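Report on the structure
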Amino acid sequence: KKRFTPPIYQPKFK
Amino acid sequence: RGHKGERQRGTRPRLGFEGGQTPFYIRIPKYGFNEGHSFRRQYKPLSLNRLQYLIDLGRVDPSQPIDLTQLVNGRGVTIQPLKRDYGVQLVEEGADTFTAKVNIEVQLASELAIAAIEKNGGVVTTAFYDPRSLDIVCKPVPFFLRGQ
Amino acid sequence: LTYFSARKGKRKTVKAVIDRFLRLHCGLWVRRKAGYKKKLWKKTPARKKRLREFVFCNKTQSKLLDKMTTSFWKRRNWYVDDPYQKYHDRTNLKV
Amino acid sequence: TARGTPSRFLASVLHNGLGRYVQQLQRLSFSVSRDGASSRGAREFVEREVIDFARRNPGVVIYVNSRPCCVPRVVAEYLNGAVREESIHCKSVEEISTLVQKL
Amino acid sequence: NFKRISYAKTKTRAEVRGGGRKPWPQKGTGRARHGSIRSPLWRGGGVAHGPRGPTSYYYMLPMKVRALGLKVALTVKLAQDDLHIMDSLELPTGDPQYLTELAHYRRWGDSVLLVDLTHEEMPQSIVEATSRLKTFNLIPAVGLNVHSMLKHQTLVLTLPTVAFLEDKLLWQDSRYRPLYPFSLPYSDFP
Amino acid sequence: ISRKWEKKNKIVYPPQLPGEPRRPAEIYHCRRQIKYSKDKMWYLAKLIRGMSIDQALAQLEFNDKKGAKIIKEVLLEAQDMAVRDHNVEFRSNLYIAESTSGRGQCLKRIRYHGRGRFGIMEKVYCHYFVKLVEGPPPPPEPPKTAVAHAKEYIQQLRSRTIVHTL
Amino acid sequence: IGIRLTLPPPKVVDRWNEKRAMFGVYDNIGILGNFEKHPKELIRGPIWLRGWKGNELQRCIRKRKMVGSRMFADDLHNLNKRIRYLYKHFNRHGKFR
Amino acid sequence: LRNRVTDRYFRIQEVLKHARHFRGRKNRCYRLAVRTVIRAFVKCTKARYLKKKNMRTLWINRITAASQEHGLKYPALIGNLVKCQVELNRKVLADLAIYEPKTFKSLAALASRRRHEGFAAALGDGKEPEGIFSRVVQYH
Amino acid sequence: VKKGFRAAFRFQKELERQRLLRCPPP
RNA sequence: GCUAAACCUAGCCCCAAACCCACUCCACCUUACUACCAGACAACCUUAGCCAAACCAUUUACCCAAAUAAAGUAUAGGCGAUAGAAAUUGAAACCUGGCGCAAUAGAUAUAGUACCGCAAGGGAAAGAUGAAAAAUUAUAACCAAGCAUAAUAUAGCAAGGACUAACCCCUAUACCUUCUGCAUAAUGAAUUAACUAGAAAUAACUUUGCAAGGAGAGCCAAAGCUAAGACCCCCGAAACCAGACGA
RNA sequence: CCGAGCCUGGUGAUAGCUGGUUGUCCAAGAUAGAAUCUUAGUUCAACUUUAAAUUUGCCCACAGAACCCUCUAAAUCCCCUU
RNA sequence: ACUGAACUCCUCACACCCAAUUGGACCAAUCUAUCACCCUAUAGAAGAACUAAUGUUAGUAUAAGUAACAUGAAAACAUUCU
RNA sequence: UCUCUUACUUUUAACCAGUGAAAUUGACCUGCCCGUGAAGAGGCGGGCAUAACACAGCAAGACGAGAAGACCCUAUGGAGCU
Ligand SMILES: [Mg+2]
Ligand SMILES: [Mg+2]
Ligand SMILES: [Mg+2]
Ligand SMILES: [Mg+2]
Ligand SMILES: [Mg+2]
Ligand SMILES: [Mg+2]
Ligand SMILES: [Mg+2]
Ligand SMILES: [Mg+2]
Ligand SMILES: [Mg+2]
Ligand SMILES: [Mg+2]
Ligand SMILES: [Mg+2]
Ligand SMILES: [Mg+2]
Ligand SMILES: [Mg+2]
Ligand SMILES: [Mg+2]
Ligand SMILES: [Mg+2]
Ligand SMILES: [Mg+2]
Ligand SMILES: [Mg+2]
Ligand SMILES: [Mg+2]
Ligand SMILES: [Mg+2]
Ligand SMILES: [Mg+2]
Ligand SMILES: [Mg+2]
Ligand SMILES: [Mg+2]
Ligand SMILES: [Mg+2]
Ligand SMILES: [Mg+2]
Ligand SMILES: [Mg+2]
Ligand SMILES: [Mg+2]
Ligand SMILES: [Mg+2]
Ligand SMILES: [Mg+2]
Ligand SMILES: [Mg+2]
Ligand SMILES: [Mg+2]
Ligand SMILES: [Mg+2]
Ligand SMILES: [Mg+2]
Ligand SMILES: [Mg+2]
Ligand SMILES: [Mg+2]
Ligand SMILES: [Mg+2]
Ligand SMILES: [Mg+2]
Ligand SMILES: [Mg+2]
Ligand SMILES: [Mg+2]
Ligand SMILES: [Mg+2]
Ligand SMILES: [Mg+2]
Ligand SMILES: [Mg+2]
């Protein structure tokens, strides 16, 4: 299949 | 815990499993050993050795009649109305060297025990009690506190 | 084997052990031979006699059946006309 | 480990065995607790053996401070100026006597 | 130990708020595998083996063991020259300074347990004396126990109290099995 | 946060005896929270290290760095504090004895890289330290000549012993 | 760095309090109070574990039985979850079977 | 957090105080100082036998050098000293070879004469005197 | 805070050790 | 000496007792926070499933009437994993507490705010002086990783033996795990600080107590009975079901 | 980020599978197999561990352990002393 | 003939070198009861010990002052020019 | 496109000033040849080589880095479809 993972942002307060 | 597997990870089959093989408690056919055990009457034994011992030691007294309640107030026998004890049976275990001259009322009595009491000049009478009457005549004081 | 029940928090027994075995109070369990009512036309009379006996079991099987039953089934019974009454207590053992 | 610790050469302090031998210890400072289960061995030691030890070698001075302290200690100062402090917290009479004899 | 009930409770990973969904799916990203936040590894998570609920520590010794404990404690208090027996507790004045100077004179100690019986015939003088002191205690004879006798240095009984103690502790020897509890009539037993 | 360099100006020594040396002056100064990296500041603090104050001001007036003007202002105010308060009478009679730089408190920002990914940019800040001592600058330690090397080698050959016996 | 720099304020305890002086009085009452009360009736705590030791699972089962008809909804759901998990733990997982 | 650990710093110092003289990050970081201190203590335990072996080989080297200066070989020296019942070990023989050269020349002369008497005995099978620096003293 | 007393006392004695080692008295 | 370290107290948890709250004026079901106009449409419904039976297809405690006992008994059950009563007995009214935690702990909370997601929903971090800040003083310094004060010196798992000297001389194939076997070029680890993983029964052993009886009703018993001590882990899937939210 | 969306709850789902499983010291401590939708697991046997009761345990000499055709070996089993 | 081990002897003391598993003796921090009062003792209890789980949080390193990032020119800082 | 590539412009690139990341990292005081070894050694054996330190290139090696192989097998692990 087309294996792909989305990226994950961190919280903005840090 | 040992090395990895069902031993170290905890999850082991239940007690009696033999790895898919038919277990030991299943390959044996059924039989009515404990078939009707909850309705069979049981009778606590009472030897003449024990009765002579109780009469000797200042316990339950030959000047009065001997029903179940005098034996219980002596604590010579402990009768459980639950678990199906229909009173106390008499039995011949202390026949020789028994000199008491007492009357008694028991729930079962063998021939030789009746004989061995009657040769000293006493009375044997066999009686019946229902389990409600067992619970009353064994411990009369909580029944009197019951208010019935 | 339900080590802790979900209503009273007690330990339960396997009813198949009660339906298959009898526990003497000395510690021995009496069982029946397997297949004592199966295919009797082909078995020789010695084997048919050997099948009908009330037979004892091993030590580890006795410990298994003691673990599979509660303390109610190991009590002392005083049945009125018990046929197995003479085999409850044991006599003349020596270690 | 030897590379991680300092070292010295074997020597006498002031050439003892040539002329007369002298006891190299000056003082023994005992601090014993009045109450306390930690200093029961030192308590019995001060009762029974320290007087015989003081009569055994008259060169050493012994002080018994008798102070409230949770850990009793013995302080030993030698002739050349070194100070060695060891603890007698929860020891018997025999171990305390062996310790002060070795000091 | 038997009266102790510990009220410690900590939240496991099932009772901590939230922590439902799986963050950063299993195979894709390059971090450690995790199935839930509020797992016991995580900051803010629940405990793995914490204390659980209000816990009881109740267990009962045979009553012969407790009666033998009282007899042993009374014997230890007598053998070490700390037991004192009065004929009748009564103080002339009724101020605590008289009682403290009396206990200082007679060489009792810092702490002393003054024991009387029935809790109602305790006279007014000893009550007004001990109601302000912190080391002098009055208890009725039913309130005797091993812990209060071990904590306090010396022990003061009364002659009706010591007769009551002799009878109640000697009743344990030469008695039957219960057969139902002793709060019921039991013709000899009052 | 710890400010201990500023407290070093409040030490007071007991008054000297007449038969004693001069005990030359020591002046401590620093400027906190400089918007500059600590390594590029360290290169200027190593440039200055041993020289006299006027040669240091000369080498910093023509050095083309952002930290150079900052250190020149710090050195000018330190020279002025040395002349006014700390009882140094000759203005040119000063050399730098200690000069270094430490990391200050920082902030954090995002970088917004070229996918849904990011980095952590840090807004760096640094300090500067300086210590002035009155007197002429001490001469640099000369490179040791051949006779010194031969003396050290002959001394090492003198100092050996018979090892692992008696 | 974990250690505390300045030593903490010294904790004073009054051993001759109201409570510690009168600890254990009227315990051991049924032996020498002719058996009117039991010493389990001195225990002051929860209504469901009053004179009853039990396991961990047995305490939660007794708590759902004697009190759970008047608990909160969240605590009742948590108790049902805990009893389900402790059943699944004690009767299936573990050693010694 | 009931009864969590308070004096963790002192176990860290108890490991780190044997690692102050290291090089690199092994003298600061605990996670590496543990392994390097353990290996150092292991080598310190194992090096006792290597110390004894190295001291004995040093003694044999010095004895061989001195005996070769006196025109003898080392096995001849040791064998012909042990054949005259003089039971000196390698340590005191090396110390005599360094600090006491006259008595070492005397010992080399003794070993040479015992060697020559052994050669005369092997050529003659005895008959007569079985040497003079032979005739070992008999104990009982 | 980490509750307790013995570790803080032991560290205070170690601080007095290092503090007396840095500035030795006359 | 820079970055830095340290604080107790906001509070919170488990119980007992006791049944708890809701319009100051105005606006709020239409596009809620909008003063004002004619189709009145309307709610009453077995939970299911994961899991256990080492699969799985009947089956698998969750059900809301105080305890203990009867009893894990009679019973039900691919009579198997397991489920499980009833008759009967009785259940002493009042006391404001903690061998509970202390900012990575305790409720997520200073807060359901910021922030993320259209939407259901998810959801954080943190403060530290002081009697007097209407005392800005000079102190209070001493301790992790990272640096500076203070770059390097031929050669070698960083060390040991030592030596007059650090190097130079001899020896020495990092740790855990899984493996018959790992230095292996197999897995994991940049470091520091905090947090983070053995919970329990029947039956046995030891120690008390009593003794043909033991035990504070029920239970056991041809030396037994009661009591105590001791003993059974953490994180990780793709999946299933039910109800909501979205063109 | 659709071979069947997303959020919540059963849910700490389950896994014979991988990883991990924290103070010191001492001692004992290596496996003939059988069954099983079972060989990546489990049960029973053998070994190993602890505490008791009892007396024989190991090493072994004379005698002894069918055969048949054509050889038929190193050995083994039992076994008084020691 | 000699060199050549943790084998043996020599002076001293001797429980102090196996995987899984088992048995035993001690022990830090914490609270409680009683002691103690420059940090300890006797008992009970447990959220009772981290060189490691692509473990969580927070700080700081290496990669690295590396990749990358900008402002058209003159001038009176009115304007002009490309 | 090539035989067979060359010159020029810009971007890029090197030096100066400012701001200033990311994957990766057990510790490294981090050489060659032959042999050995869990079978392909910078860390082992035997030889050879060897004052220290940057700056700019190259990619032969570090079984180089990002993805708990998508090829093969196992699981009394799932799911789509007929
Ligand atoms: Mg593992
Ligand atoms: Mg396996
Ligand atoms: Mg399973
Ligand atoms: Mg949840
Ligand atoms: Mg999951
Ligand atoms: Mg939190
Ligand atoms: Mg929490
Ligand atoms: Mg040798
Ligand atoms: Mg299943
Ligand atoms: Mg918080
Ligand atoms: Mg540091
Ligand atoms: Mg070397
Ligand atoms: Mg190898
Ligand atoms: Mg480990
Ligand atoms: Mg392999
Ligand atoms: Mg590797
Ligand atoms: Mg692998
Ligand atoms: Mg890695
Ligand atoms: Mg549209
Ligand atoms: Mg799991
Ligand atoms: Mg398998
Ligand atoms: Mg693996
Ligand atoms: Mg061993
Ligand atoms: Mg099958
Ligand atoms: Mg030996
Ligand atoms: Mg925990
Ligand atoms: Mg823990
Ligand atoms: Mg840590
Ligand atoms: Mg990674
Ligand atoms: Mg980690
Ligand atoms: Mg630049
Ligand atoms: Mg580069
Ligand atoms: Mg560029
Ligand atoms: Mg090769
Ligand atoms: Mg390598
Ligand atoms: Mg690769
Ligand atoms: Mg894989
Ligand atoms: Mg299979
Ligand atoms: Mg399947
Ligand atoms: Mg399935
Ligand atoms: Mg489907």
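Residues numbered from 1 in each chain as written, not as in the entry; some residues may be left out. Chains lettered and ligands numbered in written order. Part of a larger assembly, values for the part shown. Heavy atoms only, no water.

As recorded in the entry header, the structure was determined using cryo-EM to a resolution of 3.49 Å.

1. Side note on the packing of helix 1 (residues 9-16) of chain H against helix 2 (residues 30-69) of chain H
A pair of packed helices can be characterised by two numbers: the angle between their axes and the separation between those axes. Residues and elements named next belong to chain H. Spelled out, the test is: Lines fitted to C-alpha atoms define the axes here, with helix axes fitted over just the stretch in contact, and angles between the N-to-C directions of these axes take values from 0 to 180 degrees. In DSSP terms, a helix is any run of H or I states spanning at least four residues, a strand is any run of E spanning at least two, and both are numbered starting from the N terminus. The cut-offs work like this: below 35 degrees is roughly parallel, past 145 is roughly antiparallel, 65 to 115 is roughly perpendicular, and the gaps in between are oblique. Left-handed is the label given to a crossing in which the near helix is rotated counterclockwise from the far helix by less than a right angle, and right-handed is the label when the rotation is clockwise. Contact between two residues is taken to exist if any of their heavy atoms lie within 4.5 Å; hydrogens are not considered. Note on residue categories: nonpolar means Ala, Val, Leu, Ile, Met, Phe, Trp, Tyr, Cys or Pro, charged means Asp, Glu, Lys or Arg, and polar means any other residue, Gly included.
Helix 2 packs onto helix 1 with a crossing angle of 45 degrees between their chain directions and a minimal axis gap of 9 Å. The angle between helix 1 and helix 2 places the two elements in the oblique class. Read as a crossing pair, helix 1 and helix 2 show a hand that is left-handed. Residues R11, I12, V15 and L16 of helix 1 form the contact with helix 2, whose own contacting residues are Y30, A33, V34 and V37. Residues belonging to the contact of helix 1 with helix 2 are distributed by class as follows: seven nonpolar, no polar and one charged.

2. Re the interface of chain G and chain E
Using the following cut-off: Buried area, as used here, totals the accessible surface that two parts lose on assembly, with accessibility defined by a 1.4 Å probe and the loss added over both. Any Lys or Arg side-chain nitrogen located within 4 Å of an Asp or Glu carboxyl oxygen qualifies as a salt bridge. Distance and chemistry together define a polar contact, namely a pair of N or O atoms within 3.5 Å, with one atom able to donate a hydrogen and the other to accept it when in protein, and with adjacent residues in sequence counting only for side-chain atoms on both sides.
On the chain E side, the residues contacting the 35 residues of chain G number 43 residues. Between chain G and chain E lies a buried interface of about 3,500 Å² when both sides are counted; carbon and sulfur atoms form 63% of it. Sorting the residues of chain G by area buried against chain E places G:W16, G:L32 and G:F35 first, and these three jointly supply 23% of that buried surface. The interface formed by chain G and chain E includes one salt bridge. Among the salt bridges present, the one from E:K134 reaches G:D14, with a minimum N-O distance of 3.4 Å. Taken together, the links from chain G to chain E amount to eight residue pairs in polar contact. Within the residue set of the side of chain G that touches chain E, elements represented by two or more residues are helix 1 (18-21), helix 2 (56-66) and helix 3 (73-92) of chain G. Ranked by residue count, the leading element in the side of chain G that touches chain E is helix 3 of chain G, at three residues.

3. Here's the deal with helix 5 (residues 159-170) of chain E
Residue and element names in this part refer to chain E. Note the threshold: To estimate the expected span of a helix, count its residues, drop one, and scale the result by 1.5 Å. Only protein chains enter the accessibility calculation, which uses a 1.4 Å probe. A residue is then buried if its area is under 20% of the maximum for its type, exposed if over 50%, and partly exposed in between. Our arc is simply the arc of the directions from the helix axis toward the C-beta atoms.
In this model, helix 5 (12 residues) spans 16 Å end to end at C-alpha, consistent with the 16 Å of a helix rising 1.5 Å per residue. Looking at helix 5, one finds that the buried residues are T161, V162, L165, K168 and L169. Angular distribution of buried residues about the axis of helix 5 spans 135 degrees; they occupy a single face of the element. Relative to its buried face, helix 5 has exposed residues pointing more than 90 degrees away, namely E166 and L170. Turning to helix 5, the residues buried within the fold contact helix 1 (63-79), strand 3 (83-86), strand 4 (112-115) and strand 6 (154-158).

4. Considering the packing of aromatic side chains
Put simply, the rule is: Side-chain rings of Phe, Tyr and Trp (the six-membered ring for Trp) are treated as a pair once their centres are within 6.5 Å; stacked means planes under 30 degrees apart, edge-to-face means over 60, and tilted covers the remaining angles. Put simply, a charge is over a ring when the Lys NZ or the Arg CZ is close to the ring centre, within 6 Å, and near the line of the ring normal, within 35 degrees.
Counted by the stated rule, this structure contains 27 aromatic pairs over all chains. Centre to centre, the rings of E:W24 and E:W42 are 5.6 Å apart; their planes meet at 25 degrees, and the pair counts as stacked. Here E:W24, found in the loop between strand 1 (5-6) and strand 2 (55-56), pairs with E:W42, found in the loop between strand 1 and strand 2; they are 18 residues apart in sequence, far enough to count as distant. Over the ring of C:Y79 we find B:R40; its NZ or CZ atom is 5.2 Å from the centre of that ring. Positioned above the aromatic ring of B:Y86 is the side chain of B:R41, whose terminal nitrogen or guanidinium carbon lies 5.9 Å from the ring centre.

5. A look at a positive patch on the surface
The condition that has to hold: Think of a patch as exposed residues, more than 30% relative accessible area, with no salt bridge, where like charges cluster within 9 Å and nonpolar side chains (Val, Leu, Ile, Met, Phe, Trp, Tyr) cluster within 5 Å. For the area figures, the Shrake-Rupley method with a 1.4 Å probe applies, and any residue is considered shielded solely by the protein chains shown. Counting rule applied: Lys, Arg positive; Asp, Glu negative; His and chain ends not counted. To locate a charge, the coordinates of NZ of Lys, CZ of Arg, CG of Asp or CD of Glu are taken.
On the surface, F:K4, F:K7, F:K8, F:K10, I:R19 and I:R22 cluster together into a patch of positive charge. Take F:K8: it is sitting in the segment before strand 1 (26-34). Under the relative-accessibility criterion, F:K8 is labelled partly exposed at 36%.

6. Some remarks on a nonpolar patch on the surface
Residue and element names in this part refer to chain F. A cluster of nonpolar side chains, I110, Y112, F118 and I120, forms an exposed patch at the surface whose accessible area comes to about 400 Å². Structurally, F118 can be placed in the loop between strand 3 (107-110) and strand 4 (120-123). When its relative accessible area of 31% is taken as the criterion, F118 is described as partly exposed.

7. What to know about the protein's contact with RNA strand K
Stated formally: One heavy atom within 4 Å of a molecule or strand is enough for the residue carrying it to be called near that molecule or strand.
The full set close to RNA strand K counts 29 residues, and B:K4, B:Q8, B:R9, B:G19 and B:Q21 are the nearest of them. Take the atoms of RNA strand K that sit within 4 Å of the protein: sugar and phosphate atoms are 70% of them. Taking B:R9, its side chain carries an N or O atom lying 2.5 Å from a phosphate oxygen of RNA strand K. One of the side-chain nitrogen or oxygen atoms of E:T12 is found 3.2 Å away from a base oxygen of RNA strand K. Class assignment for the residues of the surface near RNA strand K results in five nonpolar, 11 polar and 13 charged.

8. A closer look at the nonpolar core
For clarity, the threshold we go by: Residues grouped as a nonpolar core are buried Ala, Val, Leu, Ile, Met, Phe, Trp, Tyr and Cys residues, joined through side-chain atoms within 4.5 Å.
Counting residues in each nonpolar core, the largest one holds 29 residues, and the members touching the most others are B:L71, B:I79, B:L90, B:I104 and B:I117. When residues of this core are traced back to their parent elements, those giving at least two are helix 1 (48-56), helix 2 (68-74), strand 2 (85-91), strand 3 (103-106), helix 3 (111-118) and helix 4 (131-138) of chain B. Counting residues per element, this core draws most heavily on helix 1 of chain B, at four residues. Membership of the second largest hydrophobic core comes to 27 residues, among which are F:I48, F:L57, F:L60 and F:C126.

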